[PDB]
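Each remark here refers to the structure printed beneath this line.
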Protein chains: 4
Amino acid sequence: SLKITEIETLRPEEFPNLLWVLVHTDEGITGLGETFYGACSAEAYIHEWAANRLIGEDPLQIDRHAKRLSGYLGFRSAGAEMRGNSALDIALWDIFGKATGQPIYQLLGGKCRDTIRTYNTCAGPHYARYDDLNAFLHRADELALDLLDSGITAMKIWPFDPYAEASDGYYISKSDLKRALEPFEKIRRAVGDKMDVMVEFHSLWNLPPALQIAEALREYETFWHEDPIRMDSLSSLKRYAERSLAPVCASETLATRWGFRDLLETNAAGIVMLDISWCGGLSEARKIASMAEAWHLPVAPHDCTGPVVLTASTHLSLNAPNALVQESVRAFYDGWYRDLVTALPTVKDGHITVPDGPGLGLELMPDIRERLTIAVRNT
Amino acid sequence: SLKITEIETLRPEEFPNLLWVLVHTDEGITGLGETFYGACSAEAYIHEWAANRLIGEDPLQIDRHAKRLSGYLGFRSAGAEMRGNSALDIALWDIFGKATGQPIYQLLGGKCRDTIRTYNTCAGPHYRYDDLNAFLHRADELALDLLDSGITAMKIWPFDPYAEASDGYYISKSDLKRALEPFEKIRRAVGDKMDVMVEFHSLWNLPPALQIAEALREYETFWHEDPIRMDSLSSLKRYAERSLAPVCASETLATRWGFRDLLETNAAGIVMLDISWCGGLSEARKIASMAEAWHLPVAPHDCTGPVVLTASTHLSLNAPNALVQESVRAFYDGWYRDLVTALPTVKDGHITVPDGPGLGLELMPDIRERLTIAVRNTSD
Amino acid sequence: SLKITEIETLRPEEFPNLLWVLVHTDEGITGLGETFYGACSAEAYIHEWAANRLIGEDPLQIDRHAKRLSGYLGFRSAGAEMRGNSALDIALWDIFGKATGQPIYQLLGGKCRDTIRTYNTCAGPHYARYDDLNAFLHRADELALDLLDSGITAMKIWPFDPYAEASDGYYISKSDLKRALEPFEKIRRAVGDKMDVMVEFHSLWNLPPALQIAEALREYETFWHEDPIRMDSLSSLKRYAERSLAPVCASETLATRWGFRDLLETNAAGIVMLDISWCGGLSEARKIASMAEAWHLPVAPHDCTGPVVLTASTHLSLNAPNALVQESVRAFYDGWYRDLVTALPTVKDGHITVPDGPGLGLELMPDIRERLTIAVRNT
Amino acid sequence: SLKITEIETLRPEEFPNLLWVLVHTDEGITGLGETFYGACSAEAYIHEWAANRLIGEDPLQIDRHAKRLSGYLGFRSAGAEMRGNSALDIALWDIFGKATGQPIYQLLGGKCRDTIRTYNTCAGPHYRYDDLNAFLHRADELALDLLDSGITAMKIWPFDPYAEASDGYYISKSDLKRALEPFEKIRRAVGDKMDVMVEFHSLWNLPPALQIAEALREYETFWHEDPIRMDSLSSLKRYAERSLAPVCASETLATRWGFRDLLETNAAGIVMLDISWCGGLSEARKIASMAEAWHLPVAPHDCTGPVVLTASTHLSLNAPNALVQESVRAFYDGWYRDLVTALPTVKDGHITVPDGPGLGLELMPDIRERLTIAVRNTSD
Ligand code: NA
Ligand code: NA
Ligand code: NA
Ligand code: NA
């Protein structure tokens with residue numbers, strides 16, 4: 001059986017939010033993990049604390065390690081400790097898969113579907129003619145027809161974002177509200193009943209303007225409202241949910257079963273959203289999904305980040321019987337993902353599936369440190 | 001007037017959990033912050049994200065910056081982001097103090113007392129007061145010794161070693177009775193004269209926690225601290241119901257939002273608070289004044305670095321609902337003494353601030369020479 | 001360090017609701033406080049009880065004094081004891097500022113904004129062509145266009161007030177209801193989406209007609225409903241909030257953190273309103289604001305009173321990260337404030353800021369006892 | 001028929017907390033009111049606002065005026081406005097009584113008893129019954145002495161001096177045992193024969209209140225009165241749960257609305273009530289009849305002036321749920337005697353009204369001569 005010898009972190013300079021982890025074993029089995037945001041603080045944590053708790057150990061003891069890496073502080077949120085733990089955990093699943101010859105979805109309990117429906121989060125490119133941010137801001141009819149043509153039947157937009165800063169999310173003017181409604185009018189004209197529109201709010205709003213916005217959005221029969229208020233105290237959420245026609249999607253900012261227990265006790269969510277690289281790994285995300293199912297709620301795994309999180313989320317979305325949609329960004333997977341990894345999640349007719357092979361079914365391409373400026377670190 | 005020019009982090013390898021932060025201004029006024037645990041991750045956060053939000057800004061905009069530094073992730077407990085923010089925050093209060101000529105307790109709203117009662121967390125030294133080993137073995141002696149110096153409260157943690165065998169799901173009846181023996185020793189020695197508060201370190205889950213609390217009922221303990229893990233807080237009222245001692249919670253919790261969640265349980269008796277883990281003096285101000293509305297006392301956490309002990313004592317002097325201030329005698333008579341220009345003074349079981357504006361201390365001016373200190377810098 | 005030597009109260013005969021307090025020290029630092037309504041009973045309290053508890057003492061011990069002045073009776077409301085305590089407290093903050101060279105907003109924790117948006121409460125003058133009461137009663141289209149022209153984007157009106165007396169707030173007729181709706185129709189025609197309309201109810205209504213009114217107001221998308229029922233037992237409020245499209249604004253009648261704890265436990269308010277001269281001073285108002293923020297609620301500080309309360313509230317509105325609007329009356333600050341104090345809050349383009357200088361940044365003008373008939377009292 | 005012509009306030013400087021109010025009519029019928037604490041502020045309120053609402057009106061419209069005098073601010077507890085209103089209210093009931101030839105207890109709905117059981121609040125005299133010092137030191141003796149006159153209940157407050165050292169956030173275990181010593185003395189002296197009710201004066205916050213209540217469990221006390229501050233009432237059920245004695249609350253609370261809030265907690269056992277602080281006989285009528293629906297007894301508060309003691313006794317005779325009537329023997333055998341034409345009679349541990357319409361007393365007709373009395377007047 002395997003022993004963990006070495007942990008490597010990679011911080012690519014041209015994507016400064018991205019962090020890769022490599023876990024090495026004595027038998028030459030290497031796991032790939034990934035998280036996003038606060039790369040340096042996550043990296044610093046893994047070398048300061050986390051690496052010394054798993055060097056020496058069997059990597060297959062995945063539940064034991066997740067519990068062991070749950071530290072004295074930072075357990076109740078998606079902080080640097082949590083994001084570092086989550087990336088480590090994805091890699092341990094990659095090892096598990098390679099050691100057994102099994103794709104991650106099988107190790108989670110088997111697939112329930114061959115593909116899952118995808119939705120396009122309309123972000124623009126990282127440094128394209130997928131300029132989807134400015135396309136929703138100005139040309140949202142055109143973006144909708146374009147998306148529908150490729151077979152994508154769902155999109156996520158965030159036009160209320162600019163109005164948050166002026167008032168610290170305490171106020172939206174009535175005419176600023178109707179201006180931010182204009183993307184919703186445009187796509188209603190263009191494609192109508194054929195597109196699901198998700199609204200993202202980025203946790204930017206407090207309670208009175210959130211309610212005011214939700215009432216204005218009733219007309220447009222939006223698919224979900226994501227993070228409409230900050231998920232700090234969750235007792236404030238039922239107030240929002242009561243007044244929103246669309247279900248609350250919550251929340252990528254939330255970590256672990258305990259974060260999600262707290263959400264499910266509100267009776268306010270309609271969609272349980274998680275990011276596997278923020279929430280405590282595939283380990284916690286496994287268990288969160290199966291909890292959500294007991295409350296009759298679907299899970300939507302978060303991407304919008306690196307290629308590995310998209311792949312790992314897709315594994316979870318293939319496994320979970322309550323999985324609904326898998327988030328993807330067309331600007332990302334046709335764009336800057338392409339150089340970075342040996343295989344990608346395959347998008348066809350508005351649906352997405354895993355790359356073939358054990359574990360993730362991808363690696364970092366062998367010429368990665370030559371292609372990008374990569375700050376590596378070793379323990 | 002003031003603009004922030006430069007932020008410095010200091011990591012001494014003799015105390016590798018410890019992080020100092022220095023915030024420099026154009027007019028040559030510098031503030032001192034501190035936080036404890038995960039020093040490299042908190043430092044990396046400061047230089048990665050927080051420093052650029054702060055460099056060039058007015059440091060007196062303390063409420064504004066605390067809100068600005070509340071980033072997209074990690075706001076819901078005491079992670080690297082939260083500890084970095086809190087250290088940064090203490091240093092902003094240090095600046096405010098020296099720019100107005102006022103101590104921190106005044107800028108919080110003035111003192112309500114001259115000194116506050118201290119209690120001794122019976123830890124052993126870092127790098128005599130052999131206080132961990134004293135409570136494990138000779139707990140009668142340690143009690144009598146603390147009473148002689150005038151300290152009328154101790155915190156101990158004798159249930160700790162029994163947690164790891166069972167992951168906090170089980171204690172045997174005989175291991176429970178052997179962990180109770182530190183309580184009987186001091187009952188015979190000092191009796192009425194000492195309060196004893198039990199620290200549990202979040203190590204226990206529900207059934208053995210209840211089983212322990214029932215056993216401790218006899219010994220009339222002063223408080224039960226972090227008796228289960230403070231992750232989902234809904235579970236706490238079940239503990240509180242069955243515990244004669246009030247629950248003290250929690251150094252692990254961050255911000256008004258973490259403490260709203262705690263106050264909603266109706267389960268806490270003492271609101272505990274670490275200013276380096278909870279969102280700075282900024283949040284801890286406000287948590288204290290919230291807790292007063294629920295008729296609860298605040299007890300600020302130390303057992304850590306000297307700057308935290310000093311800043312907490314400032315808070316403990318200001319807050320009308322402050323109960324006790326944690327201190328560790330092996331720390332303030334020991335390894336604190338070399339590192340800073342002044343210390344909080346402990347006399348007759350009671351503690352007060354060093355004199356002067358802000359915190360009323362700086363780091364020793366030759367600190368990089370006595371100690372091996374890894375420095376990092378960010379500037380204009 | 002300072003010692004308090006003398007407390008003076010001033011009751012100006014021509015504004016009989018107004019009370020000023022002066023706190024004197026040995027070093028010649030003088031603080032200005034202010035409250036409103038029940039001037040004689042507040043004044044009588046400060047000389048009977050409160051003055052003897054703070055003469056001798058350090059004025060900078062502001063938290064200690066607020067707690068010390070919290071007496072055996074009258075702590076749960078905005079009674080004479082509470083209003084006297086609040087005025088004393090503003091003055092102590094004025095001292096604190098002068099002793100340190102700092103404006104009050106800095107002592108509260110710094111500004112978060114340079115100006116705050118103002119809203120015009122449409123009261124008429126105290127004894128103008130700001131006849132704004134009768135302007136909303138008859139000419140509300142004209143008042144709206146006029147307000148918008150000066151750059152003011154929010155107004156507060158109270159047209160339901162006349163109908164309260166006939167039934168003791170237990171009944172409004174359906175046609176009396178539609179007559180009181182006429183101000184809302186008029187401004188909807190005139191300026192439409194450009195004005196926020198706040199409704200004040202003056203705690204005049206009980207539950208069935210309050211609900212009846214709220215349903216009639218749904219159409220007009222009002223900004224908030226202020227004190228729609230009497231804030232005596234707060235358990236009755238969720239019933240109203242459930243049925244009101246507009247958020248409950250509550251309440252200037254409520255005092256201290258304990259009054260506001262009780263409000264926040266209802267889950268019924270959308271806007272936390274306080275008057276610093278009724279609620280326990282800047283001391284309590286500090287802490288109320290930061291409580292409200294934890295429930296995702298904004299604060300709106302009450303004016304409609306004397307110049308000092310407006311100034312002190314503006315200091316709080318500059319400090320509080322959750323501050324929303326600062327109330328002002330154009331008839332007051334262009335009118336009868338002008339003679340009374342050395343500097344005023346400055347209104348420009350629908351926004352308001354503090355006068356410059358330590359503490360409040362104003363004094364009572366040195367020739368005040370010559371300009372007005374002032375009953376002074378000394379301890 | 002009747003119109004109010006004139007309202008007079010009387011402030012005697014020998015009893016500076018005390019306020020009398022006299023309401024004069026056109027037909028020469030005058031009513032007597034009273035309130036206690038903050039006399040100058042209550043007086044100033046009466047002449048500033050309340051007198052103009054009342055002068056020229058029918059005094060028999062008692063319900064109408066109580067509602068009319070409920071002003072914009074200060075309705076939510078016992079402030080100057082509330083005490084002024086309550087004094088004004090008692091005087092309106094005095095008028096109603098003399099205009100119909102009926103005592104107040106009848107106009108409330110008739111008596112349910114001839115006398116009511118009294119209990120002695122062990123205060124010392126104003127300006128022998130040295131009853132405060134008696135309970136502090138010689139509590140066995142005071143108990144035996146009260147039992148000889150036939151009084152089978154005392155109220156004491158021995159936890160009071162320990163509050164101010166810690167702002168009610170802390171009691172030491174030894175200070176607790178020394179404050180328990182008044183309870184053990186009377187346990188040995190009279191035992192079963194006395195009920196002892198503990199007054200706490202709203203001085204304690206939550207953890208020490210609970211700690212005290214647990215210690216008092218042994219002594220089977222009759223009630224625990226104002227054991228925490230009655231500001232936000234949500235906090236009370238936590239106390240009630242842990243207290244063997246029922247909670248008595250609260251003289252500090254005003255009106256039906258204050259008492260709805262209390263009754264909603266499910267935490268009170270005895271509804272306590274001061275008619276001069278709570279909104280008059282008008283509100284106290286209705287509070288009593290509310291409390292009966294929750295199966296709770298009312299105990300009206302005195303320890304104050306003679307008119308309040310008389311009016312409360314009227315209430316205690318009327319209310320089917322009246323439990324005891326507070327009286328202080330140092331007051332009614334002492335300084336009350338000079339001031340009024342008649343007093344409530346205490347015999348065999350039981351108290352009743354003076355005979356006659358309204359209250360059944362007036363102020364002594366030469367009162368301005370025996371006492372230095374600051375008068376103020378308002379009229380047509
Ligand atoms: Na999102
Ligand atoms: Na601790
Ligand atoms: Na108002
Ligand atoms: Na009493």
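For ligands, and for the atoms within them, numbers begin at 1 and follow the listed sequence. Residue numbering restarts at 1 for every chain, and letters A, B, ... go by the order of the sequence lines.
- Taking distances strictly below 3.0 Å, the protein N/O/S atoms close to the Na ion (ligand 1) are A/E200 OE2, A/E226 OE2, A/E252 OE1.
- A cation-pi arrangement, defined by a distance under 6.0 Å to the six-membered ring centre and an angle within 45 degrees of its axis, is present between C/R230 and D/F75.
- Side-chain N/O atoms of D/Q325 and D/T118 include no donor and acceptor closer than 3.5 Å.
- A/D303 and A/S313 share no donor-acceptor pair across their side chains, judged by distance under 3.5 Å alone.
- Note: D/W277 and D/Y37 have parallel aromatic rings, judged against thresholds of 30 and 60 degrees for the angle between ring planes.
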Give the intermediate values and the outcome of side-chain contact (heavy atoms from CB on, under 4.5 Å) for residues A/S328 and A/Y333.
-> CA-CA 8 Å; A/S328 75; A/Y333 60 75; 3.3 Å; yes
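- Listed by chain and residue number, A/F136, A/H202 satisfy the ring pair (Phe, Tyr, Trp, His ring centres under 6.0 Å) test with A/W158 (two or more places apart in sequence, or in another chain).
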